[PDB]
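Asker: I'd like to ask some things about the structure below.
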Amino acid sequence: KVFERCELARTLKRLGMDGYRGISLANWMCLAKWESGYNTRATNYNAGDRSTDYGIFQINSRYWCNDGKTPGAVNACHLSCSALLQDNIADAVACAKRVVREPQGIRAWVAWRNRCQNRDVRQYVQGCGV
Ligand SMILES: *[C@@H]1O[C@H](CO)[C@@H](O[C@@H]2O[C@H](CO)[C@H](O)[C@H](O)[C@H]2O)[C@H](O)[C@H]1NC(C)=O
């Protein structure tokens with residue numbers, strides 16, 4: 001499913017993502033935008049290290065979810081990677097909260113670093129009523 005910007009903003013707010021681990025909703029919005037264009041079905045395979053990023057947050061199969069075909073996977077979110085391809089993002093959100101509990105926090109998503117860090121991201125939630 002391809003969320004509409006504000007639809008996503010409110011869905012994320014409902015799920016307690018605003019200010020979670022000190023991360024604003026606008027920052028979460030900027031990262032989902034550049035990681036997947038708000039598409040829950042986005043999948044990106046890395047032929048180099050044989051791992052795949054799944055869902056709206058592009059979470060990695062080596063560390064967070066298990067897809068049965070990734071060498072050295074840890075499955076720290078304790079979910080099937082397929083759970084990150086549902087239209088309902090409750091699972092992807094619970095896993096994204098787990099990802100930020102790492103020392104690097106939100107730096108785990110380089111697309112956040114490239115497109116969100118040190119820029120004005122207030123436009124990602126403007127007009128959404130959140
Ligand atoms: C993207 O891949 C990163 C590795 O290139 C990964 O970062 C690693 O995550 C580990 C989790 O146990 C640990 O914190 C390493 O120190 C860290 O480098 C990052 O988590 C991945 N991002 C996503 C969204 O899955």
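How things are named: the first chain in the structure tokens is A, the next is B, and so on; residues count from 1 in each chain; ligands count from 1 in the order shown.
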Just asking: which residues within chain A are strand (DSSP E) according to DSSP, as JSON, numbers by chain?
Answerer: {"A": [43, 44, 45, 46, 51, 52, 53, 54, 59, 60]}
Asker: Using only C-alpha atoms, which protein or nucleic acid residues come within 10 Å of residue 29 in chain A? Drop anything in the same chain fewer than 2 positions from it, and give the result as a list in words.
Answerer: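 Here the qualifying residues turn out to be residues 5, 6, 8, 9, 12, 24, 25, 26, 27, 31, 32, 33, 34, 35, 37, 38, 112, 116, 121, 122, 123, 124 and 125 of chain A.
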Asker: Can you tell me which residues sit at most 9 Å away from ligand 1, counting only C-alpha atoms and all ligand atoms, written as a list in words?
Answerer: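 Listed by chain and ascending number, the contacts are residues 35, 53, 54, 57, 58, 59, 60, 61, 62, 63, 64, 65, 74, 76, 96, 99, 100, 101, 102, 103, 104, 105, 106, 107, 108, 109 and 110 of chain A.
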Asker: Taking 2 positions as the minimum chain separation for residues in the same chain, which residues sit within 8 Å of residue 93 in chain A when counting only C-alpha atoms? Answer as a ChimeraX atom specification.
Answerer: /A:12,15,17,89-91,95-97
Asker: Of the candidates A:14, A:130, A:75, A:30, which one gets nearest to residue 114 in chain A if we count only C-alpha atoms?
Answerer: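 Smallest distance to residue 114 in chain A is found for A:30.
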